[PDB]
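Just one chain follows, in the form deposited without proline, and it is written as structure tokens.
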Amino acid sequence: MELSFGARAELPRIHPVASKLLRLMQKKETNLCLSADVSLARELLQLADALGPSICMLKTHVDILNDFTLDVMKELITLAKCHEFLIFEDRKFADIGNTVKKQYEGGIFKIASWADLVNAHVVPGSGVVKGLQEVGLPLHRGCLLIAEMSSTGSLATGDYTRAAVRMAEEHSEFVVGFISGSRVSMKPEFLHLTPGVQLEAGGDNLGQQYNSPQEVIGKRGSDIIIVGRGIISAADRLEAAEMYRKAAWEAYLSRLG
């Protein structure tokens, strides 16, 4: 039984961060996350401002920003509130719990202070989630677990993916969904976000593989497309964003009815 984003936002077990997201997806008619894979703060903020209306989420790699400061992140928060989107830092945590706790809270980035969402690899075992949760819980943050990857030779398959699902189910106070290539849980309170998305067929020269929004959202039952180069490489990033938005939104609408 397929529910709209708006209905899912009111599910009994839903995390407030997942609720917030689903509500804005419904309101704005977007299930598109911009992967803002740029090196300049000015470009990041210019993309966030311009594309903000078209997106439900902006995904960051702050460790690639040459001119990162916390003040940059303050302005990004301002744009996120204005345009109504979540910020997701794609840190892809993959260490022991005691370490990831500090990497999340601390250092120069202070990721927990500005990121609504983060993600973690499950390879280290559930300790990884426990450590993140000690930081994220009071801050009303959420976490996505990496159940599958988009890249060639990914080992995130079979029993590995199944472990990802179990680990999410067991930490549903904090874990709000998955990075995956398709639906991996049947629990509707879980979000499925899918990278490796482009309109055109292809890949890159470093193992990345692309599937279309229609395939990912429509056929494979994912919720949100994550799109970097498909948009960022365009001349007009706004036009490209709208193209991806409409593709993902209509694929979603068709699955519902």
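Note that residue numbering begins at 1 and tracks the sequence as displayed.
If you look for the form solved in complex with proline, you will not find it shown, but the lines that follow are about it.
Transferring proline from its position in the entry with it bound by superimposing the surrounding C-alpha atoms places at least three ligand atoms within 2.4 angstroms of backbone or C-beta atoms of the displayed chain; the site is blocked. The candidate stretches are 164 to 172, 72 to 80, 129 to 137, 183 to 191, and the one lying within 4.5 Å of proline in the entry with it bound by heavy atoms is 129 to 137. For residue 85, no non-hydrogen atom is located within 4.5 Å of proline in the entry with it bound, even though that partner is not displayed.
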